[PDB]
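Structure data follow from entry-v2.cif (mmCIF, C-alpha atoms; chains and numbers go by the auth columns):
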```
data_run
#
loop_
_atom_site.group_PDB
_atom_site.id
_atom_site.type_symbol
_atom_site.label_atom_id
_atom_site.label_comp_id
_atom_site.label_asym_id
_atom_site.label_seq_id
_atom_site.Cartn_x
_atom_site.Cartn_y
_atom_site.Cartn_z
_atom_site.B_iso_or_equiv
_atom_site.auth_seq_id
_atom_site.auth_asym_id
ATOM 1 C CA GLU A 1 154.905 147.992 148.950 0.00 388 A
ATOM 2 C CA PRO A 2 152.815 146.989 145.908 0.00 389 A
ATOM 3 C CA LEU A 3 149.925 149.270 145.011 0.00 390 A
ATOM 4 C CA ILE A 4 146.488 147.784 145.678 0.00 391 A
ATOM 5 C CA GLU A 5 143.649 148.873 143.387 0.00 392 A
ATOM 6 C CA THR A 6 140.083 147.635 143.903 0.00 393 A
ATOM 7 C CA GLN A 7 137.787 147.746 140.866 0.00 394 A
ATOM 8 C CA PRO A 8 133.974 147.636 140.912 0.00 395 A
ATOM 9 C CA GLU A 9 132.551 144.122 140.993 0.00 396 A
ATOM 10 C CA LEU A 10 130.405 143.041 138.056 0.00 397 A
ATOM 11 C CA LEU A 11 128.351 140.081 136.907 0.00 398 A
ATOM 12 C CA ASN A 12 129.410 140.182 133.270 0.00 399 A
ATOM 13 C CA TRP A 13 126.969 139.873 130.390 0.00 400 A
ATOM 14 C CA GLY A 14 125.876 136.378 129.455 0.00 401 A
ATOM 15 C CA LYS A 15 125.058 135.134 125.977 0.00 402 A
ATOM 16 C CA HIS A 16 121.948 136.722 124.494 0.00 403 A
ATOM 17 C CA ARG A 17 119.514 134.021 123.381 0.00 404 A
ATOM 18 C CA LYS A 18 116.992 134.505 120.584 0.00 405 A
ATOM 19 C CA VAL A 19 113.997 133.750 122.805 0.00 406 A
ATOM 20 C CA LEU A 20 111.791 136.333 121.075 0.00 407 A
ATOM 21 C CA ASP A 21 111.927 134.397 117.791 0.00 408 A
ATOM 22 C CA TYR A 22 108.588 132.703 117.135 0.00 409 A
ATOM 23 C CA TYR A 23 107.600 130.084 114.567 0.00 410 A
ATOM 24 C CA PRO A 24 103.874 129.646 113.813 0.00 411 A
ATOM 25 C CA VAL A 25 102.518 126.286 114.926 0.00 412 A
ATOM 26 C CA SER A 26 100.253 125.810 111.902 0.00 413 A
ATOM 27 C CA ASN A 27 103.431 125.132 109.901 0.00 414 A
ATOM 28 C CA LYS A 28 103.817 121.778 111.695 0.00 415 A
ATOM 29 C CA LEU A 29 100.528 120.351 110.418 0.00 416 A
ATOM 30 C CA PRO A 30 100.667 117.859 107.526 0.00 417 A
ATOM 31 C CA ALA A 31 100.112 119.163 104.014 0.00 418 A
ATOM 32 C CA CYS A 32 96.699 117.475 103.758 0.00 419 A
ATOM 33 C CA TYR A 33 95.202 120.176 106.013 0.00 420 A
ATOM 34 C CA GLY A 34 95.725 122.899 103.404 0.00 421 A
ATOM 35 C CA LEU A 35 97.609 125.334 105.652 0.00 422 A
ATOM 36 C CA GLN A 36 100.791 125.292 103.535 0.00 423 A
ATOM 37 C CA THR A 37 99.488 126.734 100.259 0.00 424 A
ATOM 38 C CA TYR A 38 97.927 130.174 99.959 0.00 425 A
ATOM 39 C CA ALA A 39 94.343 130.060 101.187 0.00 426 A
ATOM 40 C CA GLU A 40 91.687 130.321 98.474 0.00 427 A
ATOM 41 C CA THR A 41 88.681 128.385 99.828 0.00 428 A
ATOM 42 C CA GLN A 42 86.480 129.225 102.796 0.00 429 A
ATOM 43 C CA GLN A 43 87.544 126.046 104.607 0.00 430 A
ATOM 44 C CA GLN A 44 91.240 126.975 104.534 0.00 431 A
ATOM 45 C CA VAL A 45 90.547 130.529 105.720 0.00 432 A
ATOM 46 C CA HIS A 46 88.367 129.310 108.592 0.00 433 A
ATOM 47 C CA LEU A 47 91.075 126.931 109.820 0.00 434 A
ATOM 48 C CA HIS A 48 93.645 129.736 109.716 0.00 435 A
ATOM 49 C CA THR B 1 71.317 101.669 115.303 0.00 2 B
ATOM 50 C CA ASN B 2 73.486 104.699 114.565 0.00 3 B
ATOM 51 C CA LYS B 3 73.760 105.298 118.312 0.00 4 B
ATOM 52 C CA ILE B 4 74.913 101.699 118.821 0.00 5 B
ATOM 53 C CA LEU B 5 77.629 101.993 116.169 0.00 6 B
ATOM 54 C CA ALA B 6 78.751 105.408 117.431 0.00 7 B
ATOM 55 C CA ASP B 7 79.203 104.127 120.988 0.00 8 B
ATOM 56 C CA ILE B 8 81.171 101.069 119.854 0.00 9 B
ATOM 57 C CA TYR B 9 83.532 102.859 117.461 0.00 10 B
ATOM 58 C CA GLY B 10 83.648 106.375 118.923 0.00 11 B
ATOM 59 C CA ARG B 11 83.002 109.985 117.971 0.00 12 B
ATOM 60 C CA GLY B 12 85.454 112.693 116.986 0.00 13 B
ATOM 61 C CA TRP B 13 86.204 115.726 114.867 0.00 14 B
ATOM 62 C CA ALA B 14 85.278 115.478 111.200 0.00 15 B
ATOM 63 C CA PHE B 15 87.896 115.824 108.478 0.00 16 B
ATOM 64 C CA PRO B 16 88.570 118.351 107.055 0.00 17 B
ATOM 65 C CA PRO B 17 87.688 120.600 110.017 0.00 18 B
ATOM 66 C CA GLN B 18 84.518 122.648 109.605 0.00 19 B
ATOM 67 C CA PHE B 19 83.069 125.383 111.802 0.00 20 B
ATOM 68 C CA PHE B 20 79.554 126.735 112.308 0.00 21 B
ATOM 69 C CA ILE B 21 77.920 129.585 114.211 0.00 22 B
ATOM 70 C CA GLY B 22 74.182 129.451 114.791 0.00 23 B
ATOM 71 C CA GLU B 23 71.819 132.337 114.219 0.00 24 B
ATOM 72 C CA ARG B 24 71.150 134.809 117.012 0.00 25 B
ATOM 73 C CA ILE B 25 68.039 134.404 119.165 0.00 26 B
ATOM 74 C CA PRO B 26 65.664 137.401 119.343 0.00 27 B
ATOM 75 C CA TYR B 27 65.159 137.064 123.097 0.00 28 B
ATOM 76 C CA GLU B 28 62.759 140.035 123.204 0.00 29 B
ATOM 77 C CA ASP B 29 60.102 137.951 121.400 0.00 30 B
ATOM 78 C CA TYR B 30 59.588 134.989 123.773 0.00 31 B
ATOM 79 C CA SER B 31 57.953 136.016 127.060 0.00 32 B
ATOM 80 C CA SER B 32 54.900 133.740 127.134 0.00 33 B
ATOM 81 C CA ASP B 33 54.689 130.142 128.324 0.00 34 B
ATOM 82 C CA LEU B 34 53.425 127.742 125.668 0.00 35 B
ATOM 83 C CA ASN B 35 51.342 125.696 128.119 0.00 36 B
ATOM 84 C CA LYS B 36 49.484 128.772 129.374 0.00 37 B
ATOM 85 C CA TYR B 37 49.092 130.026 125.795 0.00 38 B
ATOM 86 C CA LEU B 38 47.546 126.754 124.610 0.00 39 B
ATOM 87 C CA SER B 39 45.320 126.578 127.698 0.00 40 B
ATOM 88 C CA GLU B 40 44.229 130.186 127.146 0.00 41 B
ATOM 89 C CA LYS B 41 43.318 129.372 123.528 0.00 42 B
ATOM 90 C CA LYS B 42 40.992 126.611 124.855 0.00 43 B
ATOM 91 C CA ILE B 43 42.875 123.965 122.881 0.00 44 B
ATOM 92 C CA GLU B 44 42.017 120.456 124.055 0.00 45 B
ATOM 93 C CA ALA B 45 43.597 119.176 127.262 0.00 46 B
ATOM 94 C CA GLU B 46 44.890 115.975 125.664 0.00 47 B
ATOM 95 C CA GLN B 47 46.522 118.156 123.002 0.00 48 B
ATOM 96 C CA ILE B 48 48.900 119.562 125.639 0.00 49 B
ATOM 97 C CA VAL B 49 50.543 116.193 126.286 0.00 50 B
ATOM 98 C CA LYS B 50 50.575 115.311 122.581 0.00 51 B
ATOM 99 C CA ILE B 51 52.060 118.731 121.791 0.00 52 B
ATOM 100 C CA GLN B 52 54.743 118.357 124.464 0.00 53 B
ATOM 101 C CA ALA B 53 55.514 114.798 123.353 0.00 54 B
ATOM 102 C CA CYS B 54 56.187 116.085 119.834 0.00 55 B
ATOM 103 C CA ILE B 55 58.510 118.784 121.191 0.00 56 B
ATOM 104 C CA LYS B 56 60.403 116.297 123.361 0.00 57 B
ATOM 105 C CA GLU B 57 60.736 113.741 120.556 0.00 58 B
ATOM 106 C CA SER B 58 61.936 116.274 117.977 0.00 59 B
ATOM 107 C CA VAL B 59 64.471 117.801 120.376 0.00 60 B
ATOM 108 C CA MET B 60 65.738 114.359 121.408 0.00 61 B
ATOM 109 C CA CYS B 61 66.360 113.495 117.757 0.00 62 B
ATOM 110 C CA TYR B 62 68.283 116.769 117.443 0.00 63 B
ATOM 111 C CA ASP B 63 70.246 115.982 120.623 0.00 64 B
ATOM 112 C CA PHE B 64 69.421 112.952 122.766 0.00 65 B
ATOM 113 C CA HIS B 65 71.212 114.262 125.874 0.00 66 B
ATOM 114 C CA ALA B 66 68.717 117.132 126.159 0.00 67 B
ATOM 115 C CA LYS B 67 66.286 117.646 129.037 0.00 68 B
ATOM 116 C CA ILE B 68 63.572 120.231 128.405 0.00 69 B
ATOM 117 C CA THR B 69 63.249 122.843 131.156 0.00 70 B
ATOM 118 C CA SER B 70 61.072 125.572 129.621 0.00 71 B
ATOM 119 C CA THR B 71 59.306 126.556 126.416 0.00 72 B
ATOM 120 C CA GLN B 72 57.997 129.855 125.072 0.00 73 B
ATOM 121 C CA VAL B 73 56.086 131.299 122.120 0.00 74 B
ATOM 122 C CA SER B 74 57.080 134.209 119.904 0.00 75 B
ATOM 123 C CA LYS B 75 54.815 137.210 120.442 0.00 76 B
ATOM 124 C CA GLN B 76 54.641 137.876 116.680 0.00 77 B
ATOM 125 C CA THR B 77 52.942 134.537 115.854 0.00 78 B
ATOM 126 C CA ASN B 78 49.426 134.417 117.335 0.00 79 B
ATOM 127 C CA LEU B 79 48.247 131.181 115.700 0.00 80 B
ATOM 128 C CA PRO B 80 53.041 128.390 112.139 0.00 83 B
ATOM 129 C CA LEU B 81 54.199 128.944 115.729 0.00 84 B
ATOM 130 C CA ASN B 82 57.721 130.040 116.686 0.00 85 B
ATOM 131 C CA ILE B 83 59.017 128.393 119.873 0.00 86 B
ATOM 132 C CA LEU B 84 62.239 129.006 121.795 0.00 87 B
ATOM 133 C CA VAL B 85 63.179 125.780 123.595 0.00 88 B
ATOM 134 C CA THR B 86 65.375 125.744 126.706 0.00 89 B
ATOM 135 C CA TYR B 87 67.058 122.525 127.810 0.00 90 B
ATOM 136 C CA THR B 88 69.935 121.151 129.867 0.00 91 B
ATOM 137 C CA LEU B 89 72.358 118.449 128.721 0.00 92 B
ATOM 138 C CA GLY B 90 72.255 115.407 130.986 0.00 93 B
ATOM 139 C CA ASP B 91 72.783 116.121 134.674 0.00 94 B
ATOM 140 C CA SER B 92 74.991 119.138 133.923 0.00 95 B
ATOM 141 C CA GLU B 93 74.475 122.759 134.949 0.00 96 B
ATOM 142 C CA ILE B 94 74.793 124.032 131.360 0.00 97 B
ATOM 143 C CA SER B 95 71.725 125.391 129.569 0.00 98 B
ATOM 144 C CA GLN B 96 71.173 126.076 125.876 0.00 99 B
ATOM 145 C CA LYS B 97 68.428 127.548 123.707 0.00 100 B
ATOM 146 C CA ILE B 98 67.116 126.529 120.295 0.00 101 B
ATOM 147 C CA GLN B 99 64.430 127.866 117.970 0.00 102 B
ATOM 148 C CA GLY B 100 61.691 125.761 116.425 0.00 103 B
ATOM 149 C CA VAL B 101 58.468 125.808 114.435 0.00 104 B
ATOM 150 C CA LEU B 102 55.304 124.093 115.693 0.00 105 B
ATOM 151 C CA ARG B 103 52.301 123.231 113.530 0.00 106 B
ATOM 152 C CA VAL B 104 48.876 122.149 114.767 0.00 107 B
ATOM 153 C CA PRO B 105 48.920 115.242 114.550 0.00 112 B
ATOM 154 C CA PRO B 106 51.182 118.048 115.784 0.00 113 B
ATOM 155 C CA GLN B 107 54.465 118.603 113.961 0.00 114 B
ATOM 156 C CA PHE B 108 57.582 120.344 115.282 0.00 115 B
ATOM 157 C CA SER B 109 60.517 121.449 113.127 0.00 116 B
ATOM 158 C CA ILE B 110 63.949 122.736 114.143 0.00 117 B
ATOM 159 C CA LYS B 111 65.602 125.759 112.548 0.00 118 B
ATOM 160 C CA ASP B 112 68.213 124.573 110.066 0.00 119 B
ATOM 161 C CA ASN B 113 71.216 126.659 111.191 0.00 120 B
ATOM 162 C CA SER B 114 71.043 126.444 114.982 0.00 121 B
ATOM 163 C CA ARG B 115 74.163 124.598 116.191 0.00 122 B
ATOM 164 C CA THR B 116 77.470 126.308 116.973 0.00 123 B
ATOM 165 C CA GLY B 117 80.721 124.386 116.977 0.00 124 B
ATOM 166 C CA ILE B 118 82.522 121.771 114.925 0.00 125 B
ATOM 167 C CA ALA B 119 81.340 118.940 112.700 0.00 126 B
ATOM 168 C CA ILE B 120 81.672 115.473 114.219 0.00 127 B
ATOM 169 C CA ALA B 121 82.101 111.995 112.743 0.00 128 B
ATOM 170 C CA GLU B 122 80.296 109.047 114.334 0.00 129 B
ATOM 171 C CA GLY B 123 80.765 105.288 114.146 0.00 130 B
ATOM 172 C CA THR B 124 81.260 104.013 110.610 0.00 131 B
ATOM 173 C CA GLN B 125 81.972 107.510 109.289 0.00 132 B
ATOM 174 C CA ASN B 126 84.675 107.982 111.932 0.00 133 B
ATOM 175 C CA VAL B 127 86.637 104.853 111.008 0.00 134 B
ATOM 176 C CA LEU B 128 86.132 105.439 107.275 0.00 135 B
ATOM 177 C CA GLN B 129 87.488 108.966 107.697 0.00 136 B
ATOM 178 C CA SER B 130 90.312 107.583 109.846 0.00 137 B
ATOM 179 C CA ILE B 131 91.593 105.418 106.986 0.00 138 B
ATOM 180 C CA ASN B 132 91.335 108.377 104.600 0.00 139 B
ATOM 181 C CA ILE B 133 93.603 110.513 106.795 0.00 140 B
ATOM 182 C CA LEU B 134 96.178 107.711 106.888 0.00 141 B
ATOM 183 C CA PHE B 135 96.350 107.596 103.083 0.00 142 B
ATOM 184 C CA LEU B 136 96.845 111.363 102.783 0.00 143 B
ATOM 185 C CA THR B 137 99.585 111.571 105.445 0.00 144 B
ATOM 186 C CA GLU B 138 103.215 110.788 104.686 0.00 145 B
ATOM 187 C CA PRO B 139 105.645 109.664 107.408 0.00 146 B
ATOM 188 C CA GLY B 140 107.675 112.491 108.881 0.00 147 B
ATOM 189 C CA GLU B 141 104.862 115.050 108.585 0.00 148 B
ATOM 190 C CA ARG B 142 103.247 114.542 112.000 0.00 149 B
ATOM 191 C CA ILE B 143 105.226 116.264 114.748 0.00 150 B
ATOM 192 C CA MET B 144 106.554 113.869 117.418 0.00 151 B
ATOM 193 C CA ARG B 145 104.683 111.131 115.506 0.00 152 B
ATOM 194 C CA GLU B 146 107.164 110.691 112.675 0.00 153 B
ATOM 195 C CA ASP B 147 106.241 107.037 112.102 0.00 154 B
ATOM 196 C CA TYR B 148 102.550 107.702 111.431 0.00 155 B
ATOM 197 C CA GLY B 149 101.435 107.722 107.805 0.00 156 B
ATOM 198 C CA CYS B 150 100.991 105.414 104.831 0.00 157 B
ATOM 199 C CA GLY B 151 103.827 106.542 102.567 0.00 158 B
ATOM 200 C CA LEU B 152 102.543 105.896 99.055 0.00 159 B
ATOM 201 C CA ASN B 153 104.680 108.740 97.671 0.00 160 B
ATOM 202 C CA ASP B 154 107.634 106.331 97.538 0.00 161 B
ATOM 203 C CA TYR B 155 105.966 104.354 94.725 0.00 162 B
ATOM 204 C CA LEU B 156 105.436 107.334 92.413 0.00 163 B
ATOM 205 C CA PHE B 157 107.247 107.537 89.049 0.00 164 B
ATOM 206 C CA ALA B 158 107.865 103.774 89.064 0.00 165 B
ATOM 207 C CA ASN B 159 107.081 101.849 85.899 0.00 166 B
ATOM 208 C CA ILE B 160 103.528 100.507 85.902 0.00 167 B
ATOM 209 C CA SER B 161 104.128 96.759 86.168 0.00 168 B
ATOM 210 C CA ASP B 162 102.954 93.688 88.059 0.00 169 B
ATOM 211 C CA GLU B 163 105.707 94.289 90.616 0.00 170 B
ATOM 212 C CA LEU B 164 104.441 97.810 91.321 0.00 171 B
ATOM 213 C CA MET B 165 100.788 96.829 91.758 0.00 172 B
ATOM 214 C CA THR B 166 101.658 94.080 94.240 0.00 173 B
ATOM 215 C CA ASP B 167 104.018 96.398 96.122 0.00 174 B
ATOM 216 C CA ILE B 168 101.247 98.990 96.466 0.00 175 B
ATOM 217 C CA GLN B 169 98.656 96.421 97.552 0.00 176 B
ATOM 218 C CA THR B 170 100.864 94.783 100.183 0.00 177 B
ATOM 219 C CA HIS B 171 102.020 98.171 101.479 0.00 178 B
ATOM 220 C CA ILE B 172 98.428 99.241 102.164 0.00 179 B
ATOM 221 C CA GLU B 173 97.673 95.983 103.987 0.00 180 B
ATOM 222 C CA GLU B 174 100.596 96.388 106.387 0.00 181 B
ATOM 223 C CA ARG B 175 100.037 100.073 107.172 0.00 182 B
ATOM 224 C CA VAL B 176 96.305 99.740 107.866 0.00 183 B
ATOM 225 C CA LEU B 177 96.984 96.843 110.241 0.00 184 B
ATOM 226 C CA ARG B 178 99.541 98.934 112.126 0.00 185 B
ATOM 227 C CA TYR B 179 97.636 102.220 112.451 0.00 186 B
ATOM 228 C CA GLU B 180 93.954 101.271 112.296 0.00 187 B
ATOM 229 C CA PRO B 181 92.776 98.436 114.575 0.00 188 B
ATOM 230 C CA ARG B 182 89.040 99.158 114.225 0.00 189 B
ATOM 231 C CA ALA B 183 89.005 98.280 110.507 0.00 190 B
ATOM 232 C CA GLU B 184 89.825 95.138 108.538 0.00 191 B
ATOM 233 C CA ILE B 185 90.751 95.306 104.856 0.00 192 B
ATOM 234 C CA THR B 186 88.954 92.649 102.820 0.00 193 B
ATOM 235 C CA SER B 187 89.991 93.457 99.236 0.00 194 B
ATOM 236 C CA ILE B 188 92.370 95.740 97.336 0.00 195 B
ATOM 237 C CA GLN B 189 92.118 96.198 93.563 0.00 196 B
ATOM 238 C CA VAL B 190 94.691 98.142 91.532 0.00 197 B
ATOM 239 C CA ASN B 191 93.938 99.123 87.936 0.00 198 B
ATOM 240 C CA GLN B 192 95.382 101.456 85.314 0.00 199 B
ATOM 241 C CA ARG B 193 93.035 104.091 83.915 0.00 200 B
ATOM 242 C CA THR B 194 92.389 103.900 80.176 0.00 201 B
ATOM 243 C CA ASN B 195 91.833 107.623 79.597 0.00 202 B
ATOM 244 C CA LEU B 196 94.865 108.589 81.736 0.00 203 B
ATOM 245 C CA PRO B 197 97.552 105.921 81.210 0.00 204 B
ATOM 246 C CA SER B 198 99.923 107.418 83.805 0.00 205 B
ATOM 247 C CA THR B 199 97.515 107.178 86.768 0.00 206 B
ATOM 248 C CA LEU B 200 96.663 104.180 88.954 0.00 207 B
ATOM 249 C CA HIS B 201 93.260 103.632 90.564 0.00 208 B
ATOM 250 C CA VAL B 202 93.244 101.738 93.871 0.00 209 B
ATOM 251 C CA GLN B 203 89.976 100.301 95.192 0.00 210 B
ATOM 252 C CA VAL B 204 90.004 99.472 98.911 0.00 211 B
ATOM 253 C CA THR B 205 87.160 97.648 100.663 0.00 212 B
ATOM 254 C CA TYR B 206 86.961 97.523 104.458 0.00 213 B
ATOM 255 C CA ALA B 207 84.816 95.929 107.155 0.00 214 B
ATOM 256 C CA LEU B 208 84.302 96.886 110.784 0.00 215 B
ATOM 257 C CA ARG B 209 85.839 94.972 113.674 0.00 216 B
ATOM 258 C CA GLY B 210 83.367 92.398 114.954 0.00 217 B
ATOM 259 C CA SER B 211 80.624 93.545 112.586 0.00 218 B
ATOM 260 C CA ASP B 212 79.480 89.938 112.091 0.00 219 B
#
```
Go through the file and emit its structure as structure tokens.
Amino acid sequence: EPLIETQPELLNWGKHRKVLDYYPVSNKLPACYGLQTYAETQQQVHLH
Amino acid sequence: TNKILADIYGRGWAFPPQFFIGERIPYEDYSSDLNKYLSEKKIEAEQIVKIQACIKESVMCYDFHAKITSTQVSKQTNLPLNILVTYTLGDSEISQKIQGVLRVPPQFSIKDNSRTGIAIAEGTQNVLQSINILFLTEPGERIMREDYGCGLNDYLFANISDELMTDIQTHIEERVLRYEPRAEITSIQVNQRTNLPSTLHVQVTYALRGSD
């Protein structure tokens, strides 16, 4: 008679997804808003 | 007439964005009604209505949706009067306060730095600013709005020639028609600067929709 052997059942690991990664949304504004260059004026700092 | 133009053409955020915070109100200084204070000081009865008319008119110029609910006098000015004005906007449940200076015809002045929020553009300024934003935006910069923009960067480094000036002028005409219906372009003039030979000056002249 063949030997039966029952192993523990598992739901194997999926694929880890880089959900935690974040990209600031001020980077999507056009360059005319002054949020791409380093802030030097009060207006740029206030918008940031 | 500025109200008429603002209603027709709209109101919105000014460009570039600007922010303000008004000065704090010393609430521990205003605990006396102005009407009782004037009556106590035996000021004339017809002065009360003229005084209140000046307050209402000055506040309405500051904000025409206001509705005065109460008024008080600073305890440190017992005849140059400091008044804290309380009003509600329209039929809303929101209340706001604002300082002022009263002088006895009566004159009422509003403190210079009293509003908190953003700067707004009204009527002609709104549409004028709208065209300015279009010139400074290149296509592909606006997210999910990749078509929006003028796109004058494509004509840089080209030889200054009659072909280039006509290409620039016709490009502006087509883009303003597409992305700005409230304005009509009446003239475009392109000239080369004498002091800086490598720069082009473009003069654009616009008129409002239905202004005549």
Output the contact residues of chain A with respect to chain B at a cut-off of 12 Å, based on only C-alpha atoms, as an MDAnalysis selection string. chainID A and resid 412:422 429:435
Residues within 12 Å of residue 58 of chain B, please, as a compact mmCIF listing (two decimals) with C-alpha atoms, keeping the file's coordinate frame. Count only C-alpha atoms; anything in the same chain fewer than 4 positions from it doesn't count.
```
# COMPACT_ATOMS: atom_id res chain seq x y z
CA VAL B 50 50.54 116.19 126.29
CA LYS B 51 50.58 115.31 122.58
CA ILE B 52 52.06 118.73 121.79
CA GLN B 53 54.74 118.36 124.46
CA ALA B 54 55.51 114.80 123.35
CA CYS B 62 66.36 113.50 117.76
CA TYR B 63 68.28 116.77 117.44
CA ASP B 64 70.25 115.98 120.62
CA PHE B 65 69.42 112.95 122.77
CA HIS B 66 71.21 114.26 125.87
CA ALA B 67 68.72 117.13 126.16
CA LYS B 68 66.29 117.65 129.04
CA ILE B 69 63.57 120.23 128.40
CA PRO B 113 51.18 118.05 115.78
CA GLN B 114 54.46 118.60 113.96
CA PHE B 115 57.58 120.34 115.28
CA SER B 116 60.52 121.45 113.13
CA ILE B 117 63.95 122.74 114.14
```
Would you translate the PyMOL selection byres ((chain B and resi 124-132) around 12) into the concrete set of residues it matches in this file, as a VMD selection string? (chain A and resid 433 to 434) or (chain B and resid 2 to 23 120 to 123 133 to 139 189 to 190 213 to 216 218)
Could you save those same residues with C-alpha atoms as a JSON list (two decimals), keeping the file's coordinate frame?
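Okay, part.json is ready:
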```
[["chain", "number", "residue", "atom", "x", "y", "z"],
["A", 433, "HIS", "CA", 88.37, 129.31, 108.59],
["A", 434, "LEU", "CA", 91.08, 126.93, 109.82],
["B", 2, "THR", "CA", 71.32, 101.67, 115.30],
["B", 3, "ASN", "CA", 73.49, 104.70, 114.56],
["B", 4, "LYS", "CA", 73.76, 105.30, 118.31],
["B", 5, "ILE", "CA", 74.91, 101.70, 118.82],
["B", 6, "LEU", "CA", 77.63, 101.99, 116.17],
["B", 7, "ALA", "CA", 78.75, 105.41, 117.43],
["B", 8, "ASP", "CA", 79.20, 104.13, 120.99],
["B", 9, "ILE", "CA", 81.17, 101.07, 119.85],
["B", 10, "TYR", "CA", 83.53, 102.86, 117.46],
["B", 11, "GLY", "CA", 83.65, 106.38, 118.92],
["B", 12, "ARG", "CA", 83.00, 109.98, 117.97],
["B", 13, "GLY", "CA", 85.45, 112.69, 116.99],
["B", 14, "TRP", "CA", 86.20, 115.73, 114.87],
["B", 15, "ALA", "CA", 85.28, 115.48, 111.20],
["B", 16, "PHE", "CA", 87.90, 115.82, 108.48],
["B", 17, "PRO", "CA", 88.57, 118.35, 107.06],
["B", 18, "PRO", "CA", 87.69, 120.60, 110.02],
["B", 19, "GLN", "CA", 84.52, 122.65, 109.60],
["B", 20, "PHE", "CA", 83.07, 125.38, 111.80],
["B", 21, "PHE", "CA", 79.55, 126.74, 112.31],
["B", 22, "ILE", "CA", 77.92, 129.58, 114.21],
["B", 23, "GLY", "CA", 74.18, 129.45, 114.79],
["B", 120, "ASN", "CA", 71.22, 126.66, 111.19],
["B", 121, "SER", "CA", 71.04, 126.44, 114.98],
["B", 122, "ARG", "CA", 74.16, 124.60, 116.19],
["B", 123, "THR", "CA", 77.47, 126.31, 116.97],
["B", 133, "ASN", "CA", 84.68, 107.98, 111.93],
["B", 134, "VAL", "CA", 86.64, 104.85, 111.01],
["B", 135, "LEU", "CA", 86.13, 105.44, 107.28],
["B", 136, "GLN", "CA", 87.49, 108.97, 107.70],
["B", 137, "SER", "CA", 90.31, 107.58, 109.85],
["B", 138, "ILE", "CA", 91.59, 105.42, 106.99],
["B", 139, "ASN", "CA", 91.34, 108.38, 104.60],
["B", 189, "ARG", "CA", 89.04, 99.16, 114.22],
["B", 190, "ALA", "CA", 89.00, 98.28, 110.51],
["B", 213, "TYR", "CA", 86.96, 97.52, 104.46],
["B", 214, "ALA", "CA", 84.82, 95.93, 107.16],
["B", 215, "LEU", "CA", 84.30, 96.89, 110.78],
["B", 216, "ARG", "CA", 85.84, 94.97, 113.67],
["B", 218, "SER", "CA", 80.62, 93.54, 112.59]]
```
Neighbouring residues of residue 207 of chain B were defined as those with any atom within 12 Å, considering only C-alpha atoms; residues of the same chain fewer than 3 positions away were excluded. Please report them as a VMD selection string. chain B and resid 159 162 to 168 171 to 172 175 to 176 196 to 204 210
Report the distance between atom CA of residue 155 of chain B and atom CA of residue 183 of chain B in Å, rounded to one decimal place.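 About the pair atom CA of residue 155 of chain B and atom CA of residue 183 of chain B: they are 10.7 Å apart.
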Please enumerate the residues selected by the PyMOL selection byres ((chain B and resi 83) around 7) when evaluated against the supplied file, formatted as a list in words. residues 80, 84, 85, 104, 105 and 106 of chain B
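Interatomic distance, atom CA of residue 39 of chain B against atom CA of residue 86 of chain B: 12.5 Å.
Nearest to residue 158 of chain B of all the residues B:179, B:92, B:184, B:87 is B:179, counting all atoms listed in the file.
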Just to confirm, what's the straight-line distance from atom CA of residue 46 of chain B to atom CA of residue 99 of chain B in Å (one decimal)?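 Computing it gives 28.5 Å between the two atoms.
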Set up a box along x, y and z of the file covering all listed atoms of segment 391-406 of chain A, add 5 Å on every one of the six sides, and write the centre and edge lengths in Å to one decimal, as lines of an AutoDock Vina configuration file.
```
center_x = 130.2
center_y = 141.3
center_z = 133.1
size_x = 42.5
size_y = 25.1
size_z = 35.1
```
Run through the PyMOL selection byres ((chain B and resi 88) around 6) on the given coordinates and return the selected residues as JSON, numbers by chain. {"B": [72, 87, 89, 100, 101]}
